[PDB]
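Novice: Here is the sequence, then the experimental structure:
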Amino acid sequence: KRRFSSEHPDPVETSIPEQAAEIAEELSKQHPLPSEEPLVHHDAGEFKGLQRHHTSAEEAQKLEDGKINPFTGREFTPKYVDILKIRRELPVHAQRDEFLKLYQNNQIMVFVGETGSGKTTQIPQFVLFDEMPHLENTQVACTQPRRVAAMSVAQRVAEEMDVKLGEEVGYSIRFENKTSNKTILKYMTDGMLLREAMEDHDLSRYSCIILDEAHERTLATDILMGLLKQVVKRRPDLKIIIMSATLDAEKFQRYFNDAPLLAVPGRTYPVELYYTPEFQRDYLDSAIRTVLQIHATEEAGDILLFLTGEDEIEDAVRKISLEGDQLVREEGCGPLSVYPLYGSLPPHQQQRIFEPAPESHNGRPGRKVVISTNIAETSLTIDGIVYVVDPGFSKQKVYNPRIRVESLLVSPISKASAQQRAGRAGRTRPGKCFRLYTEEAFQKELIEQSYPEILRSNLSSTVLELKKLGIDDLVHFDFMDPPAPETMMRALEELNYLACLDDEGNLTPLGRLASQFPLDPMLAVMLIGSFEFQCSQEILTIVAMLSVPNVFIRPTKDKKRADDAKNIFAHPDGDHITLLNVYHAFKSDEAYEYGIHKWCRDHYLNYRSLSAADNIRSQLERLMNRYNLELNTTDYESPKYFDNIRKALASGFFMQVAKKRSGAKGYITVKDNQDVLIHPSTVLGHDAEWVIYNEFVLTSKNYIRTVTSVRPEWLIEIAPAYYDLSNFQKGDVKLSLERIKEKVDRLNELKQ
RNA sequence: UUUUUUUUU
Ligand SMILES: Nc1ncnc2c1ncn2[C@@H]1O[C@H](COP(=O)(O)OP(=O)(O)NP(=O)(O)O)[C@@H](O)[C@H]1O
Ligand SMILES: [Mg+2]
């Protein structure tokens, strides 16, 4: 851990993924990627008559009450009339004028209002009325920390402005964008805007950028703020709006050089808060029982429940479904429809929560229970929801500086997050929020506002992205909350060994290429260098499988058959190889002749994970074809098949290698020299003394997950920069026989 | 035996 200098061979020159990347960049230079399409817009004329940035509320309202659309040529529908009548009475509308009067005279502003006042929906439209996006050929961006948020609000606003979704108003998500060339109002995730910022540093396409729910302080959000602070210095024609329902606005104002704060009072509908007098021993059972209680007793309305993970959510779903059916049968309760909601679900299955409440034949109020993670915690309006059940728990990221690794842990939520969850109700109609914790806990136990992501997350990718933005001196760079210089330096070190950054500190073609991929830098470099080993398709598949949650299903009470079913796909010396076998068998014609989903439910495999993996693989394949990477493979008959795959794996995961103790028990890592063991779910039954691993996991003991045997020769060949003897501490178990391998190599060279 | 969220079809 006490690293210091150590001269080593040039990583950039010795890296095979770098050569692969030079090839890729050259091929990209040969056929330049097609430029963006200019934006299509109405030439306007009913807008003229006003000096720029001086739009009043009265004029905007006069344009609104008109029979024709100001931005399109369409005539207004009765739906638009009703929706207008509804939204004109929103608390945010009464302050419209003032908002304008600030937005016109300030370059950067902060906005704080009550939950469900109409911030995300009405503010960008106000911006549209003051600005001239169609005349100056620019777009306007509203940023949501969620996919579903952006999609849903895009739908709602599309209905509000009487435009077809995907035309003038649209959303852009990594798996699907509805943004065309006529799109003026663009809802998007912070990651998408970050990508557009990575391809275009100054974001010339946008004249006004809005960041909603900035209280979460996600990675992309903070990076975007840090960038925009400099962008505003370069171009004064850009305006930035920071929105949130709750915030420590002092930090934001002081960061953006004494920026103005607009706080709007007023509540659309009252949301009542209920606290438990005592502490709930088991939050899950408490959640289930309380949901069933609201189902049995409370008035008509749908229930929104928050939980931890997808496993817990599924369990809660089947339990609430069962006992709910028993409630309908024996106690004559109304029909109940439970819908799950988490990120790993397809957008359709996520959309399934907006379905109407069940019809009633008996007269008893039928209702819907939406069991979701914190994906619906921020900026999302469900029409049917009246009740909100909150255990007060979520899954958050924890990072150990000693180990330098990040994992997920169940943690108590924040005060802001609780105000958000409670703020999900009381929109369509007055809401009731049951919090499964004491008010004393809310006042003291709950954190003020969730620890920032930068201060938590590993910065191995963040640095690469920041470098892609065009930031040279990251140490001097203006963050809102600067991370630990130690972590930064070690990250730069990792990227230096991966040959993404040269010795001078600039971006290599390998880095510039690997930045475009939605992968962890190691996975990226691996994938890039894959086709040089003539096995890029297999490596692609493996990466896709590593990008998806655990495929294998293992029942608590039926472990034997599951372990056998896994042993069928199992391959000696390699977990990755086994994964490749699994996907190759899932995509096989035979598995389709059986029943795919049936076949997955016959071989103890997760269909959701497999289909998600197929999707991810398709995306990555499209990107590889876009940045001109050759899809290459070799015959199974060739003995260098497995060897090629292993080598390509080492190309990106050379820093994560373990060596078994010579004449002892357990393993030890090359990096940082830590005593470790092999995870029980690993296929390798024999003692391979040299292994490459994918995950580092701490539980009962320090375990190493997902491994594959490798020859030290290959490691020396691929990454000479990291495996020069000069880098590592004095005579330890690793170095002692590593030097023997070196003696071997030198004898080989000596004999020739 | 332990993937909340996000990252150009
Ligand atoms: N079908 C619908 N979809 C979305 N909103 C609806 C719908 N029907 C009625 N509304 C109302 O329109 C409002 C949408 O405005 P919204 O952008 O969600 O406010 P908000 O303040 O940004 N929410 P938040 O910032 O997370 O506290 C909702 O609060 C609802 O009251
Ligand atoms: Mg909002």
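Specialist: That came in fine, so what should we check first? Residues are numbered from 1 along each chain as shown, chains lettered A, B, ... in the order given. Ligands and ions are numbered 1, 2, ... in the order given.

Novice: what does the stretch 351-500 of chain A have sitting close to RNA strand B?
Specialist: Within the stretch 351-500 of chain A, the residues that sit near RNA strand B (CB under 7 Å from any atom of the strand) are A:373, A:374, A:375, A:394, A:395, A:396, A:397, A:407, A:408. C-betas here are computed from N, CA, C, even on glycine.

Novice: Which residue does the stretch 1-150 of chain A have closest to RNA strand B?
Specialist: As assessed by CB to the nearest atom of the strand, RNA strand B sits closest to residue A:147 within the stretch 1-150 of chain A, at 3.4 Å.

Novice: Chain neighbours aside, what residue packs nearest to whatever residue of the stretch 151-300 of chain A ends up closest to RNA strand B?
Specialist: Going by CB to the nearest atom of the strand, RNA strand B is nearest to residue A:191 of the stretch 151-300 of chain A, at 2.5 Å. Nearest residue to residue A:191, sequence neighbours excluded (CB to CB, 6 or more residues apart in numbering): residue A:220, at 5.0 Å.

Novice: my guess is the one you found contacts residue A:193, does it?
Specialist: Yes: using CB atoms under 8 Å as the test, residue A:220 is close enough to residue A:193 to be in contact (7.4 Å).

Novice: and the residue of the stretch 151-300 of chain A closest to RNA strand B, which of the three is it?
Specialist: helix (DSSP: H, G, I helix; E, B strand; the rest coil).

Novice: can you count the residues close to it?
Specialist: Neighbours of residue A:191 under the rule other CB atoms under 10 Å: 21.

Novice: helix, strand or coil for the residue in chain A that ligand 2 sits nearest to?
Specialist: Nearest residue of chain A to ligand 2, counting by CB to the ion: residue A:120, 3.4 Å away. On the three-state scheme (three-state DSSP), residue A:120 is labelled helix.

Novice: what sits against it?
Specialist: A:142, A:144, A:153, A:212, A:243, A:379 (CB atoms under 8 Å, 6 or more residues apart in numbering).

Novice: Just list whatever residues bridge to residue A:676.
Specialist: residue A:667 (DSSP bridges).

Novice: how about the CA coordinates for the host helix or strand of residue A:738, as CSV?
Specialist: Here residue A:738 sits within helix A:733-751, counting by DSSP states H and E. Extracted C-alpha coordinates of helix A:733-751, given in CSV (Å, rounded to 0.1, in the frame of the first residue of the first chain):
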residue,chain,number,x,y,z
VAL,A,733,5.6,-15.9,-2.1
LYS,A,734,4.6,-14.2,-5.3
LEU,A,735,8.0,-12.7,-6.2
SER,A,736,9.9,-15.8,-5.2
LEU,A,737,8.5,-18.0,-7.9
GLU,A,738,7.7,-15.1,-10.3
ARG,A,739,11.5,-14.7,-10.4
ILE,A,740,11.7,-18.4,-11.1
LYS,A,741,9.4,-17.9,-14.1
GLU,A,742,11.7,-15.1,-15.1
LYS,A,743,14.8,-17.4,-14.9
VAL,A,744,12.9,-19.8,-17.1
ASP,A,745,12.1,-17.1,-19.7
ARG,A,746,15.7,-16.0,-19.7
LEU,A,747,16.9,-19.6,-20.1
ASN,A,748,14.6,-20.0,-23.1
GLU,A,749,16.0,-16.9,-24.7
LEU,A,750,19.5,-18.0,-23.8
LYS,A,751,19.1,-21.3,-25.6
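
Novice: which other residues reach it?
Specialist: Contacts of helix A:733-751 (CB under 8 Å, 6+ apart): A:659, A:661-662, A:668, A:670, A:673, A:712-713, A:716, A:723, A:725, A:728-729.

Novice: List the buried residues for it?
Specialist: Buried positions in helix A:733-751, judged by neighbour count with 16 or more other CB atoms under 10 Å: A:733, A:734, A:735, A:738, A:741, A:742.

Novice: ditto for stretch A:268-281
Specialist: So for stretch A:268-281, counting by 16+ other CB under 10 Å, buried means A:268, A:271, A:273, A:274, A:276, A:280.

Novice: ok, now stretch A:253-269?
Specialist: Buried, per 16+ other CB under 10 Å, within stretch A:253-269: A:253, A:255, A:256, A:259, A:261, A:262, A:264, A:268.

Novice: Mark which of those residues are part of strands, please.
Specialist: If you go by DSSP state E, the buried residues of stretch A:253-269 have A:261, A:262, A:264 in strands.

Novice: Can you tell me how far the last one is from residue A:663?
Specialist: For residue A:264, the distance to residue A:663 equals 72 Å [CB to CB, to the nearest Å].

Novice: for the second one, same thing?
Specialist: With distances defined as CB to CB, the gap from residue A:262 to residue A:663 amounts to 70 Å.

Novice: now do residue A:47
Specialist: 82 Å.

Novice: who's more crowded, the two?
Specialist: Shown here are residue A:47 and residue A:663; by other CB under 10 Å, residue A:47 has more neighbours (17 against 6).

Novice: Who are the contact partners of the residue lying closest to the residue of the stretch 1-150 of chain A closest to RNA strand B once chain neighbours are set aside?
Specialist: Leaving aside its sequence neighbours, residue A:147 sits nearest to residue A:173 (CB to CB, 6+ apart; 4.9 Å). Applying CB under 8 Å, 6+ apart to residue A:173 gives the contacts A:147, A:150, A:151, A:188, A:189, A:192.

Novice: Can you list the buried residues in the one helix or strand residue A:291 maps to?
Specialist: Assessed by DSSP H and E, residue A:291 sits inside helix A:283-296. Under the neighbour-count criterion of 16+ other CB under 10 Å, helix A:283-296 has A:283, A:284, A:286, A:287, A:288, A:290, A:291, A:292, A:294, A:295 buried.

Novice: Would you check that the first one makes contact with residue A:435?
Specialist: In this case it means residue A:283. No: shown here, residue A:283 and residue A:435 do not form a contact pair, counting by CB under 8 Å, at 11.1 Å.

Novice: Give me the common contacts of these two.
Specialist: residue A:392.

Novice: Could you count how many residues lie near residue A:30?
Specialist: 8.

Novice: and it, how far is that from ligand 1?
Specialist: Going from residue A:30 to ligand 1 by CB to the nearest ligand atom, to the nearest Å gives 47 Å.

Novice: Please apply the same query to residue A:617.
Specialist: As judged by CB to the nearest ligand atom, residue A:617 and ligand 1 stand 34 Å apart.

Novice: hang on, isn't that residue packed against residue A:540?
Specialist: Yes: shown here, residue A:617 and residue A:540 form a contact pair, counting by CB under 8 Å, at 6.2 Å.

Novice: In the stretch 351-500 of chain A, mark out all the helices, start to finish.
Specialist: A:415-423, A:439-440, A:462-469, A:485-497 (DSSP state H, counting those that start in this stretch).

Novice: ok, now how distant is the closest residue to residue A:660 other than its chain neighbours from residue A:723?
Specialist: Of all residues not flanking residue A:660 in the chain, residue A:689 sits nearest, at 4.4 Å (CB to CB, 6+ apart). To residue A:723, residue A:689 is 16 Å away according to CB to CB.

Novice: which of these two has more neighbours?
Specialist: Comparing residue A:689 with residue A:723 by neighbour count (other CB under 10 Å), the higher total belongs to residue A:723, at 24 against 13.

Novice: what about stretch A:166-177, how long is it end to end?
Specialist: Start-to-end span of stretch A:166-177 (CA to CA, to the nearest Å) is 8 Å.

Novice: Residue numbers of the stretch 51-200 of chain A in contact with RNA strand B?
Specialist: A:145-148, A:172-177, A:189-192, A:194-196, A:199.

Novice: are any of these buried, and which?
Specialist: A:145-148, A:172-173, A:189-192, A:194-196.

Novice: how about the residues you listed, which pair is most distant?
Specialist: Farthest apart among those by CB to CB are A:148 and A:196. That separation is 20.4 Å.
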